[PDB]
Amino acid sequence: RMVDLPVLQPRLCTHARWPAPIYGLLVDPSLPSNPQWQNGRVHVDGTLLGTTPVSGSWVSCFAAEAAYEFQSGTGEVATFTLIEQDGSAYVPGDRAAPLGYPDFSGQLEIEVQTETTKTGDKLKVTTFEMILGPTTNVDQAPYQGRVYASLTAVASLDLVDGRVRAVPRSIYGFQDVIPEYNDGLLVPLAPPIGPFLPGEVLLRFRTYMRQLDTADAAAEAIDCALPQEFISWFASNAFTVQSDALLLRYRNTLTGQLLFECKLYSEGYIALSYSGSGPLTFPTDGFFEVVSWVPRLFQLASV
């Protein structure tokens, strides 16, 4: 069956690298042209790349067996022995980390369900600080299945060790650079997004992350190559891939007017022909439609 796409508008879709709605659609040649994002990566034939999960609820989260301890001078320290978020054992293999593990850098505030032995309480939700990267002095190694988090406290919180699911609360010092997956060593990674033709630029689906910032109030943008609905759409359909890219049309939902034509490369990224120097945003209430297969050298009309 020939590849098709859902009629979903981007503004009603889920971001693939941070669990939030998609708010923006744009091209920006001033940003890095070939990002090596590890989440939100799928081939059109349905092969997931990097750490990309099928469910958007796995994005920028992790699951682990948690071991807690109090360290004087630092506070409550958590050692997370990672597991895949469905409960299957994490085995180091041909990807950077467990599925859905964050693929960006900064200090991430995470939330976990904790059980305490203190009388009068039983189940709580505790916020931990976890440094992702680019470099840390904590020796994070999610590739090996071990990450560390901490929280300032004057005494032990008396937490009970056990299974946890960690969800992201905020990001501090965000950088769109892959984190420390293996204590400074490199890991199997999905390759950089690309290549592009002359004049082609990556189409970006943008959301904004909850952040901690002591001076700047501007929202923190993060981009992904495809909405999560498109990621699971390809994973479910398992289309056969014919050419190197698909010619798509982005049209206004109500009128049908064509907003731009673009190429969905089979490697999982959308390209537009745009020669401008600054960002160019597009309406988020349109829809994509598959036109046909095209070769790599197919020249798009400029937008």
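For every residue, the number given is its place in the sequence shown, counted from 1.
Of the two segments, 112-120 and 145-153, the one listed with the higher mean B-factor is 112-120 (C-alpha atoms only). In this entry, the higher average B-factor at the C-alpha atoms falls on 273-281, of the pair 273-281 and 44-52. Highest C-alpha temperature factor among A66, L246, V27, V59, as the PDB entry reports it: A66.
Among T79, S105, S170, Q228, the highest C-alpha B-factor recorded in the PDB entry belongs to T79. Ranked by Cα temperature factor within the chain, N182 sits in the middle third according to the deposited record. Remark: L5 belongs to the middle third of its chain, ranked by C-alpha B-factor as recorded. In the deposited entry, the Cα temperature factor of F174 places it in the middle third of its chain's modelled residues. The entry lists a Cα temperature factor for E84 that places it in the middle third of the chain's modelled residues.
In the deposited entry, the Cα temperature factor of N39 sits in the bottom third of values across the chain's modelled residues.
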